[PDB]
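Below is one structure, written out as structure tokens; comments come after it.
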There are 2 protein chains.
Amino acid sequence: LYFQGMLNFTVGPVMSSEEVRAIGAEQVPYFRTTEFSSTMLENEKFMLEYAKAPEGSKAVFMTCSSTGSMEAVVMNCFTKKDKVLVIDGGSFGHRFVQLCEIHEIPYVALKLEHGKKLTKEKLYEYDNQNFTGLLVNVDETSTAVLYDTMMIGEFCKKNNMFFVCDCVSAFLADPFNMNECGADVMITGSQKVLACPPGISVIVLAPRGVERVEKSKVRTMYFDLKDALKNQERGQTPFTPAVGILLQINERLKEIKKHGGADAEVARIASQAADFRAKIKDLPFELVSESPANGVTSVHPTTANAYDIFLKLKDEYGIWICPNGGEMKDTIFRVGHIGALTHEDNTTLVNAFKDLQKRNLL
Amino acid sequence: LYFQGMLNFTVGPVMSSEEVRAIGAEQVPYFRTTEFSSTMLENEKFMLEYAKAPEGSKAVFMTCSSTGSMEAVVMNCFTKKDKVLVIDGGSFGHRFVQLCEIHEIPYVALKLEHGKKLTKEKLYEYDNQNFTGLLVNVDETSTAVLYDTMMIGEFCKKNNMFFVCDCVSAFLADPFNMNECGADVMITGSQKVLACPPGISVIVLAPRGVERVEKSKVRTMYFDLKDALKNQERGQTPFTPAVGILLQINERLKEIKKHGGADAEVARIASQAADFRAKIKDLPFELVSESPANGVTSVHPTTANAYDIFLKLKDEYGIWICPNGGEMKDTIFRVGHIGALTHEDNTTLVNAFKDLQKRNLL
């Protein structure tokens, strides 16, 4: 079958461990119980630990993809009186711009050419301009650009700006310390470094984030983060959540702990990325990112159409790489370093590239 | 473990087949592919078939619980110029009232005492009053009351009212023919009669529903049903969907087809319900619903606290029944007839009730 026997180098869904997969074959339990509440409180504790959240932080688990949590955060944390600086180097930064437009949050987009780093000098062009908040996608996954959260956090603190981090691809792949960088909100998704099935997302709120949400007057039921917080006090959710995925997440969080915690997973993924990048030195590929992220590498093929390479690997080599869209469809593809991959998997992929070269495709 | 070895008589999550469960242990595939598109187009075709949707209908698959699809429908189908009649006999009808309030849709709540049927004479009290739409939960799951969709549909047609049906617990449990009753929208959820894990919901739109959505000007990203429709044209979704659950749904839809289609599953659940109801005749239980639904039976214990019975069965008999909340917590519990249950499972439950009676708990 099409979903059997494939090597997955995308950035979501990704390959899962045998233990997480095994949980996926269990009957899904009824969940309005003290037993499931315990699982949910444990999930929250692990998320706060791995995020290095400050004392007094809270997490909520949302039954929707990461985009839904991005929207919830925008709706619950900002109003028409805010002025938000949005880092826009690609698709996900642009998605935050689109959310500000939809929800009538005044904003300024700080555009970066695809692949370009954010320098301190560039950010400080926006110093002392009455901004009240900042939205960033810590790994801009579309271009595999990593932003410096300590640098951005310092800027936000100087300017008293509410600091929102989408760490959907950065969390557990790149170093991130919520307490140290002063992030007020962190968002992540189940299908990225957590390597569970898609359908859950997580919002972590620092005490300032909790306070901000508590003061919101949002017109929404499903994305009402006050309701989400109130229910999570007893390890519950307002509506039926993706119970099965939340049990898989619990297992995964314990697996992370067993293998050395958040720092150990960051280190493993850093090594996975370095291994791939070392192995493609003699192929007609240029690295696009000026600020590499551990979770993913963006590649420009200098001899071939990037989407063509995606299709050939998928249909003839048993491999999914991550294609791009829009203006990047023909010129960029990405190779993920997350989920249950090994250095030998990188060798398999590079061997497939070498075979495409022999065929004269690249 | 707490989620192992339990008999599940709730109305979601419920017990799944071994084949659906097996799919849950597979690696989740990358999904921006012609292969996954094919699965999604097939899922839509089966949903339209089982809903008996009119020619030209469309379905979309939403990565959120059913409540999220209820909200999406309200947001995308009604405006401040509408006047909506909401059938409110319990929790889910009330949830539609709450959505009308949040989204500033003018409405009138048609209250029914818990457990009471909706008569034709009652509904026609609202005839010729300039209503433009109607919201109903075809099985009001909180009270296990079934509403007559042919009767309501005739009323809506007479009054030119846009007819929205939440069939989250009714779809595949009770007869429902979208074409015949004139429903413009049907909503359902993955974890109910479909008996898959929670995290997907489905919106089926008749041609009038499609037209209504196409004319909407909603301020939302995640719940933008125009975007959902446009993407489903090629078997895709705007964001990452719950891919694993959608593959399980595909298997389940094929399993339904193998066993005789929608009518055969309705008949099986009708028999499951009848079997349970026959077996409790000598116990201190009163049936609450004046209009029984196949999917679930609501029970009033005349000698005991309903929530106490829930807790004892859960902790001492390996059984989940469905508790109630609010004003119904002490007085009503429910027994589901959906998912992978047998008549012998009903015997196991009744034996547990009989043992509680021997202990003098009831």
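Just so it is clear, the values below take in all heavy atoms, side chains as well, and ignore hydrogens, waters and symmetry mates. Within every chain, numbering begins at 1; the chains are lettered A, B, ... in the order of the sequence lines, protein sequences first and strands thereafter.
- In summary, the side chains of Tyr317(B) and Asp355(B) do present a donor paired with an acceptor at a separation below 3.5 Å, with no hydrogens or angles considered.
- Looking only at side-chain heavy atoms (C-beta outward), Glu26(A) and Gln4(B) come within less than 4.5 Å of each other.
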Exercise for review: Applying side chain to side chain contact (heavy atoms under 4.5 Å, CB included), run through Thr141(B) and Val296(B) and close with a yes or a no.
Suggested key: CA-CA 7 Å; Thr141(B) 325; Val296(B) 58; 4.1 Å; yes

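- In this structure, CG on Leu225(B) lies 12.5 Å from CD on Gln232(B), to the nearest 0.5 angstrom.
- Inspection of the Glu344(B) and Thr342(B) side chains reveals no N or O donor paired with an N or O acceptor under 3.5 Å.
- In this structure, a donor-acceptor pair under 3.5 Å is present between the side chains of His103(B) and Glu71(B).
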Practice item. Check step by step if side chain to side chain contact (heavy atoms under 4.5 Å, CB included) holds for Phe36(A) and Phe3(B). Key: CA-CA 9 Å; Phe36(A) 184 74; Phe3(B) 47 79; over 6 Å; no

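- Of all heavy-atom pairs spanning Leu313(B) and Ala352(B), the tightest one is CD2-CB, 3.5 Å.
- For the atom pair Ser16(B) OG and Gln27(A) CD, the distance stands at 5.5 Å (nearest 0.5 Å).
- Atom OG of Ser190(A) is separated from atom CG of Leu246(A) by 8.5 Å, given to the nearest 0.5 angstrom.
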Review point. Yes or no on side chain to side chain contact (heavy atoms under 4.5 Å, CB included) for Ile332(B) and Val299(B), after CA distance, side-chain angles and deciding distance?
Key: CA-CA 5 Å; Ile332(B) 300 178; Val299(B) 180; over 6 Å; no

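- The pair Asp224(A)-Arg219(A) does not count as a salt bridge, with every side-chain nitrogen at least 4.0 angstrom from each carboxylate oxygen.
- Scanning all heavy atoms of the two residues, the minimum distance from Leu247(A) to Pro29(A) falls at CD1-CD, 3.5 Å.
- Classified by interplanar angle (parallel below 30°, tilted 30° to 60°, perpendicular above 60°), the ring pair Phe223(B)/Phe223(A) is parallel.
- Ion pairing between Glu19(B) and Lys254(B) fails under the 4.0 Å rule for side-chain N and carboxylate O.
- Side-chain contact between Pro241(A) and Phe61(A) is absent, with no heavy atoms from C-beta onward closer than 4.5 Å.
- For the residue pair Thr132(B) / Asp82(B), a side-chain donor-acceptor distance below 3.5 Å is found, with atom types taken as modelled.
- In plain terms, the two heavy atoms of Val20(B) and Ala195(B) that are nearest each other are CG1-O, 4.4 Å.
- How far OG of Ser289(B) is from NE2 of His114(B): 12.5 Å, rounded to the nearest 0.5 Å.
- A salt bridge does not link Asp184(B) with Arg212(B): every distance from a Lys NZ or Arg NE/NH1/NH2 to an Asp or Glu carboxylate oxygen is 4.0 Å or more.
- Atom CG of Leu205(B) is separated from atom CG of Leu229(B) by 5.5 Å, given to the nearest 0.5 angstrom.
- Under the 3.5 Å distance criterion, the side-chain polar atoms of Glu44(B) are matched with a main-chain donor or acceptor of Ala59(B).
- Between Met178(B) and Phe171(B) there is no side-chain heavy-atom pair separated by less than 4.5 Å.
- Using a 3.5 Å distance cut-off with no hydrogens or angles, the side chains of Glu42(B) and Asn250(B) do pair a donor with an acceptor.
- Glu255(B) and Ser17(B) are linked by a side-chain donor-acceptor pair at a separation below 3.5 angstrom, with hydrogens and angles left out of the test.
- Using a 4.5 Å heavy-atom threshold, the side chains of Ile203(B) and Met62(B) count as touching.
- Looking at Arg95(B) and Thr67(B), their side chains do bring a donor and an acceptor atom within 3.5 Å of each other.
- Heavy-atom minimum distance, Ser57(B) versus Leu48(B): O-CD1, 3.6 Å.
- A donor and an acceptor atom, one from each side chain of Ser216(B) and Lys226(B), are nowhere located under 3.5 Å apart.
- Between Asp308(B) and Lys312(B), none of the side-chain N atoms (NZ, or NE/NH1/NH2) sits under 4.0 Å from a carboxylate O, so this pair counts as no salt bridge.
- Close placement of the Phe285(B) and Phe333(B) rings is indicated, their centers lying within 6.0 Å of each other.
- Annotation: cation-pi geometry satisfied between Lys120(B) and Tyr124(B) (NZ/CZ under 6.0 angstrom from ring centroid, within 45° of ring axis).
- In the displayed structure, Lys257(B) atom NZ is contacted under 6.0 Å by at most 12 heavy atoms of other residues, nucleotides or ligands.
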Check your understanding: Could you go step by step and tell me if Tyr2(B) and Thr39(A) meet the side-chain hydrogen bond (donor to acceptor under 3.5 Å, both in side chains) rule?
Key -> CA-CA 11 Å; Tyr2(B) 76 81; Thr39(A) 300; 2.8 Å; yes

**Study point:** Residues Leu253(B), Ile249(B); criterion side chain to side chain contact (heavy atoms under 4.5 Å, CB included); working and verdict
**Key:** CA-CA 6 Å; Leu253(B) 296 165; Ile249(B) 285 170; 3.6 Å; yes

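- Residue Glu327(B) qualifies as open at atom CD: its count of foreign heavy atoms under 6.0 Å is 12 or below.
- By the 4.5 Å heavy-atom criterion applied to side chains, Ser66(B) and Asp166(B) are not counted as neighbours.
- A centroid separation of 6.0 Å or more is found between the aromatic rings of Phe92(B) and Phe96(B).
- Taking 4.5 Å as the limit, some side-chain heavy atom of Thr63(B) sits within range of a side-chain heavy atom of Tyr222(B).
- In this structure, a donor-acceptor pair under 3.5 Å is absent between the side chains of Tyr50(B) and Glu265(B).
- Residue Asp127(B) qualifies as enclosed at atom CG: its count of foreign heavy atoms under 6.0 Å is above 12.
- For the residue pair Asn159(B)/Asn128(B), the side-chain donor-acceptor check at 3.5 Å is not satisfied.
- Under the 3.5 Å distance criterion, with hydrogens and angles disregarded, a donor-acceptor pair is assigned to the side chains of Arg277(B) and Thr297(B).
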Exercise for review: Evaluate side-chain hydrogen bond (donor to acceptor under 3.5 Å, both in side chains) for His94(B) paired with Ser142(B), printing each intermediate quantity in order.
Suggested key: CA-CA 11 Å; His94(B) 189 63; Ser142(B) 61; over 6 Å; no

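- With a 4.5 Å cut-off on side-chain heavy atoms, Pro284(B) and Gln357(B) count as touching.
- Of all heavy-atom pairs spanning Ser201(A) and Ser69(A), the tightest one is OG-OG, 2.7 Å.
- Here the closest non-hydrogen pair linking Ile321(B) and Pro323(B) is O-CD, 3.4 Å.
- By the 4.5 Å heavy-atom criterion applied to side chains, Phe163(B) and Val185(B) are not counted as neighbours.
- Between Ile87(B) atom CD1 and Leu134(B) atom CG the span is 5.0 Å, to the nearest 0.5 Å.
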